[PDB]
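Residue numbers (the working numbering), protein chains in the order written: chain A, 88 to 211; chain B, 88 to 211. The block underneath contains the structure these notes are about, expressed in structure tokens.
There are 2 protein chains.
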Amino acid sequence: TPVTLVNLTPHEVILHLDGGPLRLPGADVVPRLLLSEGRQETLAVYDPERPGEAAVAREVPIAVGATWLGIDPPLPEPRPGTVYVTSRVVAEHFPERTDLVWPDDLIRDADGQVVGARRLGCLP
Amino acid sequence: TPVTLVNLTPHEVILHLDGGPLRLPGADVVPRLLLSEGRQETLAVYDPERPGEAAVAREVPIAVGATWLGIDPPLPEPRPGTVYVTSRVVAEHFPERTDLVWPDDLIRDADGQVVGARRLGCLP
Numbered sequence: 088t089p090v091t092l093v094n095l096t097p098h099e100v101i102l103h104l105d106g107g108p109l110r111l112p113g114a115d116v117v118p119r120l121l122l123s124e125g126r127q128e129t130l131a132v133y134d135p136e137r138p139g140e141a142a143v144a145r146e147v148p149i150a151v152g153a154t155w156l157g158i159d160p161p162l163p164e165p166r167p168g169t170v171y172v173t174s175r176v177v178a179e180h181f182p183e184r185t186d187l188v189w190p191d192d193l194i195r196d197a198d199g200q201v202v203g204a205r206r207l208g209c210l211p
Numbered sequence: 088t089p090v091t092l093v094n095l096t097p098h099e100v101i102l103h104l105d106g107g108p109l110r111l112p113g114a115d116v117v118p119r120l121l122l123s124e125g126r127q128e129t130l131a132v133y134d135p136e137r138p139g140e141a142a143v144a145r146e147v148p149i150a151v152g153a154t155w156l157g158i159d160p161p162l163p164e165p166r167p168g169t170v171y172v173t174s175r176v177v178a179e180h181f182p183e184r185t186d187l188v189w190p191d192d193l194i195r196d197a198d199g200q201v202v203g204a205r206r207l208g209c210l211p
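Below is the structure:
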């Protein structure tokens with residue numbers, strides 16, 4: 088009746104729990120999110136050092152509507168009694184999957200590094 | 088006809104552009120996203136060091152459906168000829184606002200620090 092957590096992130100997940108820490112090793116892969124280059128446009132922007140002067144304004148690339156296509160190593164298929172630890176953004180893109188969670192309520196150290204998650208998160 | 092960019096992030100934005108770099112100073116504030124604690128539940132999880140043994144499984148807090156309420160310093164009102172630089176997540180939560188952009192196509196240094204954005208992004 089308990090589940091096996093499977094870490095699909097490249098980083099060790101440390102869960103800070105009442106019973107003491109629980110470590111999920113990172114996965115031996117480099118996940119790539121498969122984005123699509125949106126419509127490439129331009130935006131004229133004042134130089135902050137020359138706020139009034141349109142003459143020296145810059146033309147700034149603006150990518151309208153960068154879209155998601157999937158993930159480069161695909162998600163494993165569901166397996167009874169398995170829960171997959173991924174990112175929130177990956178979970179948000181597969182709302183139909185109730186077996187996806189992400190680390191949440193993070194603990195950072197003095198150098199700003201995550202050293203623990205106090206809980207998991209999931210969609211409604 | 089050019090726009091003033093206003094940085095609503097706490098960090099300097101460096102735009103890496105064909106005409107040379109463009110720096111937007113960070114804003115003098117600490118933005119807080121106003122989340123709501125979702126429904127707090129529990130999930131029994133095997134100890135990875137004891138994969139078969141339900142006896143020593145852990146009960147892991149799982150927050151179901153953490154929801155957005157807004158932002159702690161509210162967004163400025165729209166102003167003709169002003170474009171606001173925020174995060175993608177903030178932009179995604181205000182789809183009706185066409186004056187919100189985020190830094191995109193980031194350049195990292197050897198220590199992994201963002202040292203430039205090659206473009207801006209915005210919603211459809």
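Cβ coordinates follow ideal geometry from the N, Cα and C atoms, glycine included.
Query                                                                                                                                                                : Result
Could you tell me whether the Cβ of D134 (chain A) comes closer than 8 Å to any Cβ of chain B?                                                                       : yes
Of all Cβ atoms in chain B, is any one closer than 8 Å to the Cβ of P182 (chain A)?                                                                                  : no
Note down, in chain order, each residue of its chain lying with its Cβ closer than 6 Å to the Cβ of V143 (chain B), except the 5 sequence neighbours on either side. : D134 and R137
Cα separation between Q127 (chain B) and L130 (chain A)?                                                                                                             : 44 Å
When you compare each of A:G168, A:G203 and A:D192 to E124 (chain B) by their alpha carbons, which one comes out closest?                                            : A:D192
Using the C-alpha atoms, what's the distance from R145 (chain B) back to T88 (chain A)?                                                                              : 12 Å
Using a C-beta cutoff of 8 Å, does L130 (chain A) count as contacting chain B?                                                                                       : yes
Please check if any C-beta of chain B sits within less than 8 Å of the C-beta of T91 (chain A).                                                                      : yes
For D191 (chain B), return the contacting residues in chain A, with the cut-off set at a CB-CB distance below 8 Å.                                                   : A150 and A153
Which residue comes first and which comes last in the beta strand (DSSP E) that contains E128 (chain B)?                                                             : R126 to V132
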